[PDB]
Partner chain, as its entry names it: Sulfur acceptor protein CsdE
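A single chain comes next, written as structure tokens; it is the form solved without its partner chain.
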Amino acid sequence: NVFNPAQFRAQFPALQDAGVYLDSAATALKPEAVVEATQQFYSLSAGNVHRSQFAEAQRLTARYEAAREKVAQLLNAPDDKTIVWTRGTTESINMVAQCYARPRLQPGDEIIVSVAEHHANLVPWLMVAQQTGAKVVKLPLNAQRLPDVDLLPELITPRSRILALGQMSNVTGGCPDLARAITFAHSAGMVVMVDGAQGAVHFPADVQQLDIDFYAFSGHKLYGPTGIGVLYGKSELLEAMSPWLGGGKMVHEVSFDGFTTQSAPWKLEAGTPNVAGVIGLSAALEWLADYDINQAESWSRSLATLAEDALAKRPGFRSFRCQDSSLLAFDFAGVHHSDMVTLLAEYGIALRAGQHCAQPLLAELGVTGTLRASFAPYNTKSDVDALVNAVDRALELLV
């Protein structure tokens, strides 16, 4: 189970054309298993007849049927009925806000949201706050740029009901002390929405050991299809939630006088699922299971380190990176980000700049945007050199 970066790399058909692909934290390239399972799914009938490809069809069904269990295995969830399909981390969090919090929250209740949250884990709370007369309370950063979990006892009041906290920022790659935050929140009877969109990729959460109430992530960042994500909830919480969308499949009986719902997870999954997305995510998970994530992520982090140490030698560098993360957000003094993104792309280096859906974090860091190079296990030491060499030449052209 020894991680071999060249073995991992060989599985990604896009890699040759992609150049030096350093934007995995926006979205990941896919291994051949995800490409092939999706191609089979769309190249075969989903019906009950197979005159020549029965083997391939039985595989697809087996991938679909095992898919909740593959997510449960990634999170150490105790059973697969705690896994709910969504179209992404965004939908998952809105489902918790609307189906769990909205029916419960009273005027004046408080929702503590960290300053490092992606918009996905902030906007739905501002909305449900408006809807219920509840209030969003800021969790600030500490001096090392992580949500200040030590502040929580001071910020928790009798009115505190929900904590929304990201396991890992898509800007700094920082992870707050999540075990401690959850200990403090639970002493106060609160429930915690953990945004795992980056955390599931890099440090997938053991939701039992961490006692996580709700955990959300997206397939497309976890080497997998677009349009699919997960909500994990403790079984009692999924049971406590109101239904989400209404329609087929989430009901048992329906008449003009009312309806009876399925139990979770189906209660929360109206209409035709994104079958291609569930099958491709299952394929991504089954492919990923062959790799030790600790070794893969240590490799990715080591490349970010090489890059950050090198870039730190050039005039005007600033890094926003925390905890030797695989994600390297940075700036250069006297450089327009979009110019640098474009010049890097001419050198065959794919990365991005912008606000990263993290306006309050950036405001707090005193910037309007950052460049961000993120490293994955299909990157190499030569990708780091290519990045640094391209930056040198961009600086020469721009500064």
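By rigid core we mean the largest C-alpha set that fits within 1.5 Å across both forms. Residue numbers count along the first chain shown, from 1.
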Per-stretch CA RMS vs shown form in 5 other deposited structures of this protein, rigid core as reference, larger of 333 to 341/23 to 31 is 333 to 341
Of 23 to 31 vs 360 to 368, the stretch with the larger average CA B-factor in the entry is 360 to 368
Ranked by mean Cα B-factor in the entry, 290 to 298 and 150 to 158, top stretch is 150 to 158
Comparing C-alpha B-factors across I83, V171, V136, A276 in this entry, the winner is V136
Based on the PDB entry, the highest CA temperature factor among the options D206, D195, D177, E91 is that of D177
So, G354's CA B-factor, relative to its chain, sits in which third? The lowest
Assert third(CA B-factor, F256) within chain per record equals highest
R318: CA temperature factor from the record, placed by chain third, in the middle
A333: C-alpha B-factor third of its chain, per the entry, is the highest
Tertile call for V388 (CA temperature factor, within chain, third-based) is the middle
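Another form, the form solved in complex with its partner chain, is not on view; read the next lines as being about it.
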Open item on the list: Taking its partner chain as it sits in the bound PDB entry, is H337 in contact with it (heavy atom to heavy atom, 4.5 Å or less)?
Closed with: yes
- Query: Could you tell me if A353 has a non-hydrogen atom within 4.5 Å of its partner chain in the bound PDB entry?
  - Reply: yes
_Check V341 for me: does it contact its partner chain in the bound PDB entry (non-hydrogen atoms, 4.5 angstroms)?_
yes
Check: Is there a heavy atom of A6 lying 4.5 Å or less from a heavy atom of its partner chain in the bound PDB entry?
Finding: no
